[PDB]
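# An overview of the molecular structure
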Amino acid sequence: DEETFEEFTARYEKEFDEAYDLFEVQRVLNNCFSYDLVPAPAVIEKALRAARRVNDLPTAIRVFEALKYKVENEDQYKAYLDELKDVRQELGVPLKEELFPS
Amino acid sequence: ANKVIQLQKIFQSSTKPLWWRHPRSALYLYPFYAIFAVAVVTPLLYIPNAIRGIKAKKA
Amino acid sequence: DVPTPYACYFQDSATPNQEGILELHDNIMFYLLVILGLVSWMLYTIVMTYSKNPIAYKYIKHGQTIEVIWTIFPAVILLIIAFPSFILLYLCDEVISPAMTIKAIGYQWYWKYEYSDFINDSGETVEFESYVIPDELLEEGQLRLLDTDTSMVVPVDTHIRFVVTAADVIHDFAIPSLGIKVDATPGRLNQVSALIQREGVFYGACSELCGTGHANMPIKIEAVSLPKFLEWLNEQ
Amino acid sequence: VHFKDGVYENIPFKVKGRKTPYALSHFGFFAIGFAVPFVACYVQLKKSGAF
Amino acid sequence: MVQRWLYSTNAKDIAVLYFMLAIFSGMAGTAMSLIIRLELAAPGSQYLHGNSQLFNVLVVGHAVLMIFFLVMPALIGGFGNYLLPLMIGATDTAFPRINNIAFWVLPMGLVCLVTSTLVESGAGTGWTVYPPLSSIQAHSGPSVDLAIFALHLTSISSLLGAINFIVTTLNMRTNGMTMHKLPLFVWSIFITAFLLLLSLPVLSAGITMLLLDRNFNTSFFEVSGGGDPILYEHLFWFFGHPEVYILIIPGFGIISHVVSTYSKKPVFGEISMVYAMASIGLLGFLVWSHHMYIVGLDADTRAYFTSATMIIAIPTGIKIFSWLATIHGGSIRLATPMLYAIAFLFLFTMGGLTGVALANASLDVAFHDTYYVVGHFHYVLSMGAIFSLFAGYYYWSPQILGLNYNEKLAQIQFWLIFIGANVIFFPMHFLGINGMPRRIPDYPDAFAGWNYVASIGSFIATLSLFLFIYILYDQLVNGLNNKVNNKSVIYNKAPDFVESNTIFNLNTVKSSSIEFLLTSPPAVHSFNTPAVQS
Amino acid sequence: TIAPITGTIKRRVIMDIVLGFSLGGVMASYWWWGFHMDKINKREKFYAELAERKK
Amino acid sequence: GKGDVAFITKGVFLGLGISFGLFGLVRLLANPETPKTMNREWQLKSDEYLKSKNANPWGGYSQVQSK
Amino acid sequence: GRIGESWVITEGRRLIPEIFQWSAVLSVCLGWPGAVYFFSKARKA
Amino acid sequence: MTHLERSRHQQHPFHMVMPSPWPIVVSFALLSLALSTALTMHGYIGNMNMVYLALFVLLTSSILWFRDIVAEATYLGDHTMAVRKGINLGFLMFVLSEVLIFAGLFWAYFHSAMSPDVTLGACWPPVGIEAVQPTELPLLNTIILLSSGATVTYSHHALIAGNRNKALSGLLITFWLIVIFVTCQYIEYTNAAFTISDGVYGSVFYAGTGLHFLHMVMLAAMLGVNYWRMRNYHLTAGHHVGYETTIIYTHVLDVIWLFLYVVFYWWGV
Ligand code: HEA
Ligand code: HEA
Ligand code: CUA
Ligand SMILES: [Ca+2]
Ligand SMILES: [Cu+2]
Ligand SMILES: [Mg+2]
């Protein structure tokens, strides 16, 4: 791949839109977090809507666990949590830290 | 004298092992097992004299 | 000159060959420790930061701009460690104008030395056999499996040429602090040189499997000043 | 020849249904191998009068 | 029962016969090394009442058993004959009766080597059986003849198996597998078989020359008669360095499988690994006189041989940097094959760096026939090839046996052999750099200090071998229960981070070779219809 | 916005390789300038005191 | 899982202890008489000779390692 | 943009303890014969 | 053909060999040969009857193995195209191994001859050794080998061309010329001045050309079994692979005899 970041996001948006079951959305999410970039907010949003279409709730929690493991800081994680807050509360998924508080 | 089809019809339509399927196999296979059975165990009888150091009689 | 208990380095040098061998070994060990530190640091940091990594970057396969670098960089470090090695190799081979020849013939489990220059007033060739002192006849203070009954005595600050052969099997005339190791094969005559820089006594051993007396086959070289060498040679 | 499939049929030795314990066969297979140089040592020391 | 195992013609049975013989002979060679190292523990006669001939005979037996009867029939004989047909999708090997005689000529080499020990005094000559010590004047009797016949029967086995391997992977590959799409272990066995085919002839010629010198009054290496033993050194070591690359290249293949399946990411630059292995195999024929630096060559001879011995550090460096790159960025699952592979990646590089210290003929005058050389080669042998052999066993044993091993006992065994081997072979560099020669049963008293700690480490190594014997017993008896309880790792790959535990259950194995897709213990007719590959 | 967070393995392997060469460099430089250039100095002060004991 | 690191630490230290103990018990089966040179007095009397012969000047020459 | 803490801080606080751990593991993996020599009688202690 | 009937065959072109006793029988014969020769070489056995018995058992067990190979290839139809390609590749790797044995022997000759010893006199061939002149009988031995190849070439191409008498006669001429060469080598070995004990010269000379002699007597044997199988109609016009391996074997023994000729008889005299 000589891919730019924008070709990555436009590839994986339409890749998440064409997943049709739980094997495919988990597979596509796996091989989009297996790159050397945190995904853009738009493709994480598309991943959340795709896990909504297949009706699996822990994958939409594991999305946020994955980007917690994937970002460099905790303020990048909080920046994702800021403007991904509306889609997260609209879908109604909880983050793992507030679901299993230690 | 071109027995090859007649021998194909024996070797394919047979139950015996492949080295037994020819009619003349009892003439080869029964002496060979005796010659082989003495040929593999007679040096093993000389192994203890070779360990002890006893050479055979030549003079 | 002699091994010491629990040692981990070379014996102390006595010739320029051995003191060059030590410097080449340390120069090689420098870059060897660089490479060892690199690969051990990578092998530590990778299994300590990716054992707890739950997402594997499974699309990293090529790396074109750095495969050429880790092909090229071992080659230039081979060139750097190979530059002094060739200089030492082509310095240690020349035996130019020696002031003494000594033949050393390995028989089965003794060495036989032969000064053959007729610089004596006797004018005859000097030979003797040097056997290991056996363990039951070691008088007190002697070094076990190293001391001999007769000795090879050599003057200092003298280019000496050792011509080495054998009589029945392959032996090895080897003294490490002088830095000579030379195979005694029963067909041919090899030569090495030395210049002993300090007086003393230097031990060595047969470093080639001769048979059942292979451990009992030592070399002992007393390097003295040239007056004392002459007064030793006047007897034998 | 058609041979039997399964879990224990790939080995030349018997493990499960035996009238003797298997550890007999298992550890006597390896103790003989560990004991060949000791038989070697014994006969080449008896030949050299050390025993 | 007699037709399956005596009259055998399937490769998967001949492989386990190879493995049984290999581990038997490895117990024999480890006992011999325990006797060697127990005699070497302190100055003076300790256990063998003097009798340095018996010491030399034990050193010969240790080297020959561990090389030609453990590592070659283990790696090539067991793992190649088992896995190369299963990984190229072949139903069996080409030429299977050849494949059976290449096993059954190994117990006969074993019995003639053991009676070589039992006749007059044994052949105490080193494993490189040099004339004139190996002649009829210095070794009277049938000892060396029987050792030479042991080498002949082992060379017959490893030549027939090499022909078998070359033809069965050039001819019986399944119907999508081009040569570029081969697994790395198949390329290992392939290149190893070419090295065998090109190198075993010259060894057979040299030791048949020696046998005719001993018994038929001919003079190839008899000096009073026109011979030269340096001809024997050339003819031996032209086999002898290809032999030691034969010992290590299937280890490279096993490590490249293990590291990738326990890093959960593919090997960094696979075709460059194939090129590197082929370059090592090609360049291994050009370096044979680095074992002959002392014998009296020219200076330009030794200059070329330092250059050529040095430039094999480039493809091995490419392989080892590629192994570090294929564990970088991974998800390491620390199982026992992964522990053995990481220990390989450290200790083999230490042995190789002492190897490039030895590559300089300028410097090898300080280290030849010392215990430094013993340190180099026992690193790259008993920590390269033995560690890759243990990795292959712990990597393939539950698949091809159907029975899992105790994981905690396996890791205890790994840590014990990793401690014990270091404690044996790390002080040997100190002894060799201080001047301690090889093949001596007794030494000066100044060498006692590291010899004692080395023979203490010897007991740790054989204790871990005894633990490995118990691990085999527990696998054979309780191997069906180790799947049920939590005594073993059932899946060598965990789920990925977003892969459900139920979505993992439809795709339990994720491998790039056929070996882990088969039925456990694999069928007597695997591949009735041929496997297919894009 | 959220600016693109890319290339952490790139700068991670770059700092890892630089750190590995620097740690190997300090080990090797200790080897040379602290063991080798002590053995050399203990040798050469002996040779220089011998060359004055011979007057 | 749940205390098996401790198990394969205790097993390693137990294997080390068993190996040391069995090494001792089969060192008890060796030759009862060590060579005469392996005591302190012989090694001082060898360092006598080595000091007289200027052996190993910048390293060390001392041979005493026993009691 | 460069959101958050600096990468020199983020990777220094990760790489600094592993340097010390690597130093400890390397010195026990290489300098373990020093622990035998220290207790040997050749040190005359 | 239908699926029901295609399912009654193998689905892959490769020979699944039936279990056979001759691997372990030849292995025990090699054991008995090794253990017999190592004890008759040193006098622990009275006569050579054990070595004779062991070599006889080895030869007959190899013959029974080859009989089973002939039975599989002719009377069971088990050698498909892939099996033929594999057998040809295995024989090519075999002849490469034997060329490498001869390369080791040529290395021995050259290491003795490039700079000889002082115990022979810095001389090659050594002093007192009456060397075999390359003009008399070894020239006839090169001629009857270059001609034997020319006979077996037309015998092969007439086997392909449908001729029976022109192939059998060419095979017969090839076999008789090979045994002419073997008897001429026996005559040279009898009327040779030096023996194998006469120093390193006799060693390397008789080693090289005696290994070639042994390969030629096995060549005469396989030319005989090819004549037998061609007369008894086993060999066919498109499927004759043992014949092809024998042709490859003749044409490599020809070129290594030429190297033996120009090295051992022209450069080394
Ligand atoms: C295969 C190579 C190999 C291996 C593994 C070993 C293993 C050992 N060797 Fe040696 N050795 C040689 C090859 C090897 N050696 C050679 C070539 C020589 C030269 C001979 C000569 O000079 O002529 C030599 C000589 C040699 C010397 C030099 C002595 C001399 O010069 O005379 C010493 C020193 O003590 C020694 C000791 C040991 C010890 C204590 C082990 C211990 O490491 C043993 C511990 C190892 C294990 C416990 C391995 C596990 C055992 C298995 C059976 C594996 C089973 C696993 C499966 C089947 C999956 N051997
Ligand atoms: C397992 C088999 C094996 C392997 C793989 C090797 C690998 C090497 N060996 Fe060794 N060797 C033996 C088995 C083996 N050896 C045996 C059995 C003996 C003694 C025989 C006897 O006498 O009985 C022996 C002895 C031996 C000698 C003879 C010395 C003597 O007898 O006096 C020499 C001489 O050059 C040598 C050198 C090398 C080199 C240069 C490598 C190289 O292939 C190693 C390459 C690996 C590396 C170099 C490390 C990794 C690379 C990097 C990290 C890249 C950066 C490094 C650099 C640029 C240097 N070894
Ligand atoms: Cu002379 Cu070893
Ligand atoms: Ca001893
Ligand atoms: Cu080599
Ligand atoms: Mg040597």
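What the entry reports as its method is cryo-EM, with 2.8 Å given for the resolution.

The PDB entry lists chain I under the name Cytochrome c oxidase subunit 3, with Saccharomyces cerevisiae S288c given as the organism. According to UniProt, the comment filed for chain I under the heading Subcellular location is "Mitochondrion inner membrane". Per its UniProt entry, chain I bears the Sequence similarities comment "Belongs to the cytochrome c oxidase subunit 3 family."

Under the PDB entry, the name given to chain B is Cytochrome c oxidase subunit 7, and the organism recorded is Saccharomyces cerevisiae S288c. Taken verbatim from the UniProt record of chain B, the Subcellular location comment is "Mitochondrion inner membrane". Under the heading Sequence similarities, UniProt records this for chain B: "Belongs to the cytochrome c oxidase VIIa family."

With that settled, consider the site of ligand 2. Taken together, 33 residues sit near ligand 2, with E:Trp127, E:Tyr245, E:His368, E:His376 and E:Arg438 positioned nearest. At the site occupied by ligand 2, nearby residues are drawn from chains C and E. At 2.6 Å from a nitrogen atom of ligand 2 is found a side-chain nitrogen or oxygen belonging to E:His376. Among the secondary structure elements, those contributing two or more residues to the shell around ligand 2 are α3 (69-89) of chain C together with α8 (229-263), α11 (313-327), α12 (336-358) and α14 (371-401) of chain E. For the shell around ligand 2, the element with the highest residue contribution is α12(E), accounting for seven residues. The residue makeup of the shell around ligand 2, split by class, is 21 nonpolar, ten polar and two charged.

Moving on, we come to the environment of C:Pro227. Mapping C:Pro227 onto the fold places it in helix α4 (residues 226-233). With a relative accessible area of 57%, C:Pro227 lands in the exposed category.

What follows is about the interface of chain E and chain G. Every contact between the two is made by 24 residues of chain E and, on the other side, 22 residues of chain G. In total, about 2000 Å² of surface goes out of reach between chain E and chain G, with carbon and sulfur atoms giving 71% of it. Counting the surface chain E buries against chain G, the share from its top three residues, E:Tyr47, E:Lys408 and E:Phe459, is 25%. Put simply, chain E and chain G have one salt bridge between them. Residue E:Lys408 pairs with G:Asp4 through a salt bridge whose shortest N-O separation is 4.0 Å. At the boundary of chain E with chain G, the tally comes to six residue pairs in polar contact. Secondary structure elements with two or more residues in the side of chain E that touches chain G: α15 (407-425) and α17 (448-478) of chain E. The dominant element in the side of chain E that touches chain G, judged by the number of residues it contributes, is α17(E), at eight residues.

For the rest of this paragraph, the subject is the coordination of the copper ion (ligand 5). All names here are of chain E. The copper ion (ligand 5) binds to the protein through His241 (ND1), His290 (NE2) and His291 (NE2), with metal-donor distances spanning 2.2 Å. Linear spacing of the donor residues for the copper ion (ligand 5) on their chain is H-x48-H-H. By relative accessible area, which is 5% here, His241 ends up buried.

Moving on: the sheet that holds strand β5 (residues 159-166) of chain C. Residue and element names in this part refer to chain C. As summarised here, the arrangement of the five strands in space is β3-β2-β1-β5-β8, forming an open sheet in which the pairing is mixed. With partners counted over all chains shown, the strands left at the sheet margins are β3 (126-130) and β8 (190-195), one partner each. Neighbouring strand axes in the sheet, compared pairwise and without regard to direction, differ in orientation by 25° on average. By the bridge criterion, six bridges tie β5 to β8 in an arrangement that is antiparallel. Paired with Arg161 across the bridge in β8 is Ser193. Contacting β1 (100-107), β2 (110-115) and β3, α4 crosses the sheet at an angle of about 105° to β2.

Between chains C and E lies the most contact-rich interface of the 20 pairs of chains that touch. Note that chain B does not reach chain C: the shortest distance linking a C-alpha of one to a C-alpha of the other is 21 Å. One finds no contact between chain C and chain I; the C-alpha atoms of the two approach each other to within 9 Å at their closest.

Residues and elements named next belong to chain E. In the region of ligand 1, 31 residues are neighbours, and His62, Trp127, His378, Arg438 and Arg439 sit closest. Between ligand 1 and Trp127, the relevant distance is 3.1 Å, taken from an oxygen atom to a main-chain nitrogen or oxygen of the residue. Residue assignment for the shell around ligand 1 shows that the elements contributing at least two residues are α2 (11-39), α3 (52-87), α14 and α17. Ranked by the residues each element gives to the shell around ligand 1, the list is headed by α14, at ten residues.

Let us look at the coordination of the iron atom of ligand 1. All names here are of chain E. The iron atom of ligand 1 binds to the protein through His62 (NE2) and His378 (NE2); the donor distances cover 2.0 Å. Its six donor atoms give the iron atom of ligand 1 angles of 81 to 178° at the centre, a pattern that matches the octahedral case. Residue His62 is located in helix α3, and its partner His378 is located in helix α14; the two are separated by 316 residues in the primary sequence. Classification of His378 by relative accessible area gives buried; the value is 16%.

This paragraph deals with the UniProt feature "transmembrane region" in chain I. All names here are of chain I. Annotation from UniProt places "transmembrane region" at residues 23-41, 49-73, 81-114, 138-161, 165-188, 202-230 and 249-265. Span residues 138-161 is 96% helix and 0% strand, its end C-alpha atoms 34 Å apart. Regarding residues 249-265, the helix share stands at 100% and the strand share at 0%, and the terminal C-alpha atoms are separated by 23 Å.

Take the pairing of strand β7 (residues 180-184) of chain C next. Residue and element names in this part refer to chain C. Counting buried positions along β7 gives five out of five residues, so the element sits mostly inside the fold. Residues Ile180, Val182 and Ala184 of β7 are buried on one face, and the alternating residues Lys181 and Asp183, pointing to the opposite face, are buried as well. In the sheet, strand β6 (residues 171-175) pairs with β7 via five bridges, with the strands oriented antiparallel. Paired with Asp172 across the strands is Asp183, a residue of β7.

A word on the side chain of E:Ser204. Assignment of secondary structure puts E:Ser204 in helix α7 (residues 184-215). Polar side-chain contacts of E:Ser204 include one of 2.6 Å to the backbone oxygen of E:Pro201.

We now examine the interface of chain C and chain E. Between chain C and chain E, the contact holds 75 residues from the first and 84 residues from the second. Across the chain C-chain E interface, the total number found is two salt bridges. With its nearest N and O atoms 3.1 Å apart, the salt bridge here joins E:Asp442 to C:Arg144. The interface formed by chain C and chain E includes 23 residue pairs in polar contact. Per element, the largest residue contribution to the side of chain C that touches chain E is 14 residues, and it comes from helix α1 (residues 16-49) of chain C. Here the residues of the side of chain C that touches chain E are counted per class, giving 46 nonpolar, 18 polar and eleven charged.

Turning to the UniProt feature "transmembrane region" in chain B, a few remarks are in order. UniProt's feature table lists "transmembrane region" at residues 29-52 of chain B, given in the numbering used throughout. Within residues 29-52 of chain B, the helical portion is 100% and the strand portion 0%, while the C-alpha atoms at the span's ends are 37 Å from each other.

Any two packed helices are characterised by the angle at which their axes cross and by the distance between the axes. Residue and element names in this part refer to chain A. Running from amino to carboxyl end, helix α2 (residues 22-33) crosses helix α3 (residues 41-54) at an angle of 165°, the nearest separation of the two axes being 9 Å. By the criterion of interaxial angle, the relationship of α2 to α3 is roughly antiparallel. Crossing handedness for the pair α2 and α3: left-handed. Each of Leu22, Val25, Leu29 and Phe33 in α2 lies in contact with α3, whose residues at this interface are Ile44, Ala47, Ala50, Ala51 and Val54.

Bringing the domain arrangement of chain I into the picture now. When the parts of a complex come together, some accessible area is lost, and that lost area is often used as the size of the interface. All names here are of chain I. Domain parsing of chain I yields domain 1 (1-78) and domain 2 (79-269). Distance between the C-alpha centres of domain 1 and domain 2: 25 Å. Listed as interface residues are ten residues of domain 1 and, on the opposing side, seven residues of domain 2. Here domain 1 and domain 2 share an interface that buries about 720 Å² over both sides, 61% of which is from carbon and sulfur atoms.

Our focus in this paragraph is the sheet that holds strand β10 (residues 218-224) of chain C. Residues and elements named next belong to chain C. With respect to topology, three strands assemble into an open sheet ordered β4-β10-β9, the strand pairing being mixed. Edge positions in the sheet fall to β4 (152-155) and β9 (200-205), since each has one partner strand and no second. Sheet twist, expressed as the average angle between the axes of neighbouring strands with direction ignored, equals 25°. Two strands pair when backbone bridges link them, and β9 and β10 are joined in this way by six bridges, in the antiparallel orientation. Looking across to β10, one finds that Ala205 is bridged to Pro218. Here α4 sits on the sheet and contacts β4 and β10; the angle it forms with β4, its principal contact strand, is near 140°.

Here we come to the nonpolar core. Counting 370 residues, the largest nonpolar core has E:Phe68, E:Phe69, E:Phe252, E:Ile327 and E:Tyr394 as the members making the most contacts within it. In terms of residue count, α3(E) provides more of this core than any other element does, 23 residues in total.

So, how was this worked out
Residues numbered from 1 in each chain as written, not as in the entry; some residues may be left out. Chains lettered and ligands numbered in written order. Part of a larger assembly, values for the part shown. Heavy atoms only, no water. UniProt positions renumbered as here; feature names shortened; annotations may be inferred. Near = heavy atom within 4 Å. Polar contact = N/O pair within 3.5 Å; in protein donor to acceptor, adjacent residues only side chain to side chain. Helix = DSSP H or I, 4+ residues; strand = E, 2+ residues; numbered from the N terminus. Nonpolar A, V, L, I, M, F, W, Y, C, P; charged D, E, K, R; others polar. Buried < 20%, exposed > 50% of the residue type's maximum accessible area, 1.4 Å probe, protein only. Contact = heavy atoms within 4.5 Å. Buried area = accessible area lost by both parts, 1.4 Å probe. Salt bridge = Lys/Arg side-chain N within 4 Å of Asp/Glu carboxyl O. Donors = N, O, S within 2.8 Å, 3.2 Å for Na, K, Ca; no water. Pairing = 2+ DSSP bridges. Axes fitted to C-alpha atoms, helices over the stretch in contact; angles between N-to-C directions. Tetrahedral: all angles 85-135°; square planar, octahedral: opposite > 155°, others 65-115°. Parallel < 35°, antiparallel > 145°, perpendicular 65-115°, else oblique. Left-handed = near helix turned anticlockwise from the far one by under 90°. Domains from an automatic or database assignment. Core = buried A, V, L, I, M, F, W, Y, C linked by side-chain atoms within 4.5 Å.

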